[PDB]
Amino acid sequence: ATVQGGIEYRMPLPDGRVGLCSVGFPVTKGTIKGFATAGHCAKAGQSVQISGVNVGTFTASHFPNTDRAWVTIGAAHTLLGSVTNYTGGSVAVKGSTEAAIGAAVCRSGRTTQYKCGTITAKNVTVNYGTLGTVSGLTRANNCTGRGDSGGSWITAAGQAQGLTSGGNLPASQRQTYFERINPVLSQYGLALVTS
């Protein structure tokens, strides 16, 4: 199977239920293949399917306080250093220069597909009720829906920005949040796949 930023992955849960989330960025750890995503999506040990096929398992997850995780992908699968735009194209990943407030950014995920907007605030804390809070999030006004969680945020020029932080699917003025990608890469020791 092919792992690309923004696409759906599925998580087999107990009693035949299935969780849905979106790929953030394909990464390598040494020669290990993987992808970064949201920690709200799963805990370590959660199996992961893409395109109907077992592709890997969550390796680490840190939520709340942060909202980050990464999945180890089996060696037989192909990593694409790009983010799908859901309409036949992709944005090639070039690096992770963090963009400023006001910068144009697009996010990709399986519920609302590819939606674009601008960054409006940084270092925001979001309240998750009984779970506690997540701090340090960047806010933007892009459209988003439940299930986009974990998916890619990238500038058109290809600089990776972050991972959608938001609600799970049950199994400026819009306010949408993402987890910054550079702290995630650093914590887990991950290198972005580029193209």
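Just count from 1 along the sequence shown to find any residue number.
- Unmodelled residues of the deposited sequence between neighbouring positions residue 171 and residue 172 number 10 or more.
- Between 67-75 and 86-94, the higher mean Cα B-factor belongs to 86-94.
- In this entry, 144-152 shows the higher mean Cα temperature factor of the pair 55-63 and 144-152.
- For the set 46, 127, 49, 37, the maximum C-alpha B-factor listed in the entry falls on 127.
- Residue set 193, 7, 190, 1: peak C-alpha B-factor at 1 (per PDB entry).
- When the CA B factors of the chain's modelled residues are split into thirds, the value for residue 26 lands in the lowest one.
- Per the PDB record, residue ranking by Cα B-factor puts residue 32 in the middle third of the chain.
- Residue-level temperature factors show residue 11 in the middle third of its chain, judged at the C-alpha atom.
- Residue 160 sits in the lowest third of its chain by CA B factor, as recorded in the PDB entry.
- Ranked by Cα temperature factor within the chain, residue 137 sits in the middle third according to the deposited record.
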